[PDB]
Amino acid sequence: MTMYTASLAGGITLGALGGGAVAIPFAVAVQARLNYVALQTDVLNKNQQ
Amino acid sequence: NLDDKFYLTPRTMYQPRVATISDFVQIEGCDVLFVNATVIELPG
Amino acid sequence: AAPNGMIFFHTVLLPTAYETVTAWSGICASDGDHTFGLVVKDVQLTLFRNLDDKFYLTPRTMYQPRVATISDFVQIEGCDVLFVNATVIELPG
Ligand SMILES: *[C@@H]1O[C@H](CO)[C@@H](O[C@@H]2O[C@H](CO)[C@@H](O)[C@H](O)[C@H]2NC(C)=O)[C@H](O)[C@H]1NC(C)=O
Ligand SMILES: *[C@@H]1O[C@H](CO)[C@@H](O[C@@H]2O[C@H](CO)[C@@H](O)[C@H](O)[C@H]2NC(C)=O)[C@H](O)[C@H]1NC(C)=O
Ligand SMILES: *[C@@H]1O[C@H](CO)[C@@H](O[C@@H]2O[C@H](CO)[C@@H](O)[C@H](O)[C@H]2NC(C)=O)[C@H](O)[C@H]1NC(C)=O
């Protein structure tokens, strides 16, 4: 169970599946989730802080 | 908006965006609660 | 039907290979002195470029590339750092 949860957590930042462990920033994943919720139209004034 | 330009926003989050002609469907009739406009005022 | 119930046969797609593409989160278009951005209207689609520098869109469930048109994009004022730079000529028809 702990390995399962760790793998679930680590899969969020995995950029590709066919090769090595290439990662993306967590903020990029958060921005993708935000775009899924609603299409963001203010690119300059990002306030993820 | 203030400049009489039509905008579209989702209801989950306020993310206004400019409206284009491809976002609309044309129908014959009109409703009472529709905003009146001419060809010039229509979105580009 | 089954004793005191039922059985379901679910048929699913099993992938055996992956296509690698270079994807962009948007296009920063510079028409003269007017710089604006174009983002994909459907968040379920991935935008990439072919060998002939033509923009294509594909779903992430299955690799089904299709040519991108202007009606698939939303115009915004600002640009992001991770956007591909382009001019009016390079924009989709
Ligand atoms: C938009 O234009 C329509 C059509 O002219 C207007 O509807 C008229 O409203 C008046 C006032 O209530 C009625 O007496 C007429 O019978 C209506 N005409 C039709 C054809 O339905 C409407 O009021 C206008 N909306 C505005 C100006 O906000
Ligand atoms: C999906 O399978 C097809 C069919 O086997 C693969 O296409 C082959 O690709 C190799 C390598 O370039 C060529 O030598 C063969 O001629 C192709 N076969 C056919 C029938 O076109 C394809 O590469 C696979 N997709 C992958 C591995 O991503
Ligand atoms: C796309 O064009 C923009 C705007 O000119 C480039 O952003 C500049 O990048 C340089 C190098 O990192 C910075 O010093 C500038 O400050 C940036 N300018 C602005 C206005 O942000 C961007 O690098 C270009 N992308 C390419 C060529 O791939």
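Chains as they are written, first to last, in PDB author numbering: chain A, 1019 to 1067; chain B, 1264 to 1307; chain C, 1215 to 1307.
Ideal Cβ placement from N, Cα and C applies to all residues, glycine included.
Which of helix, strand or coil does DSSP assign to residue i?
| i | result |
| --- | --- |
| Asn1218 of chain C | coil |
| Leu1026 of chain A | helix |
| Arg1280 of chain C | strand |
| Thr1020 of chain A | helix |
| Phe1044 of chain A | helix |
| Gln1289 of chain C | strand |
| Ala1050 of chain A | helix |
| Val1254 of chain C | strand |
| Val1055 of chain A | helix |
| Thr1301 of chain C | strand |
| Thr1225 of chain C | coil |
| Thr1249 of chain C | strand |
| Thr1031 of chain A | helix |
| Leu1296 of chain B | coil |
Just checking residue i against ligand 3 - is the residue's beta carbon closer than 7 Å to any of the ligand's heavy atoms?
| i | result |
| --- | --- |
| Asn1299 of chain C | yes |
| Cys1293 of chain B | no |
For a test of your reading of the model: does the CB of residue i fall under 7 Å from any non-hydrogen atom of ligand 2? Yes or no.
| i | result |
| --- | --- |
| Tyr1054 of chain A | no |
| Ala1034 of chain A | no |
At a cut-off of 7 Å, is residue i close to ligand 5 when judged by its beta-carbon and the heavy atoms of the ligand?
| i | result |
| --- | --- |
| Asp1266 of chain B | By its list of ligands, the structure shown excludes ligand 5, since it contains just ligand 1, ligand 2 and ligand 3. |
Quiz item: Does the stretch 1266 to 1273 of chain C come close enough to the stretch 1036 to 1044 of chain A that 3 or more CB-CB pairs lie under 8 Å?
Solution: no
Self-check item: Residues of the stretch 1219 to 1251 of chain C whose Cβ lies closer than 9 Å to any Cβ of chain B, in chain order
Solution: none
Practice problem: With 9 Å as the C-beta to C-beta threshold (strictly closer), list the residues of the stretch 1038 to 1063 of chain A near chain B in chain order. | Solution: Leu1052, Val1055, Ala1056, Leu1057, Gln1058, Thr1059, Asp1060
Exercise. Taking 7 Å as the limit, tell me which residues put their C-beta closer than that to any heavy atom of ligand 2, in chain order.
Key: C:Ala1231, C:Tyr1232, C:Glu1233
Exercise. Return the residues of the stretch 1281 to 1296 of chain B that lie within a Cβ-Cβ distance of less than 7 Å from chain C, sorted by chain order.
Key: Within the stretch 1281 to 1296 of chain B, the residues whose Cβ lies closer than 7 Å to some Cβ of chain C are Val1281, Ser1285, listed in chain order.
Quiz item: Do the stretch 1226 to 1233 of chain C and the stretch 1289 to 1304 of chain B make contact, defined as three or more Cβ pairs closer than 8 Å?
Solution: Contact check between the stretch 1226 to 1233 of chain C and the stretch 1289 to 1304 of chain B: fewer than three CB pairs, one atom from each, fall below 8 Å, which does not count as touching.
Self-check item: Residues within the stretch 1253 to 1267 of chain C neighbouring chain A, beta-carbon criterion of under 8 Å
Solution: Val1253, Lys1255, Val1257
Self-check item: Against chain C: residues of the stretch 1025 to 1039 of chain A by CB proximity under 8 Å
Solution: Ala1034, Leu1035, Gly1036
Practice problem: Spell out a yes or no on whether the stretch 1251 to 1264 of chain C and the stretch 1276 to 1291 of chain C are touching, meaning 3 or more CB-CB pairs, one atom from each, closer than 8 Å. | Solution: Flag = yes, the stretch 1251 to 1264 of chain C and the stretch 1276 to 1291 of chain C touch.
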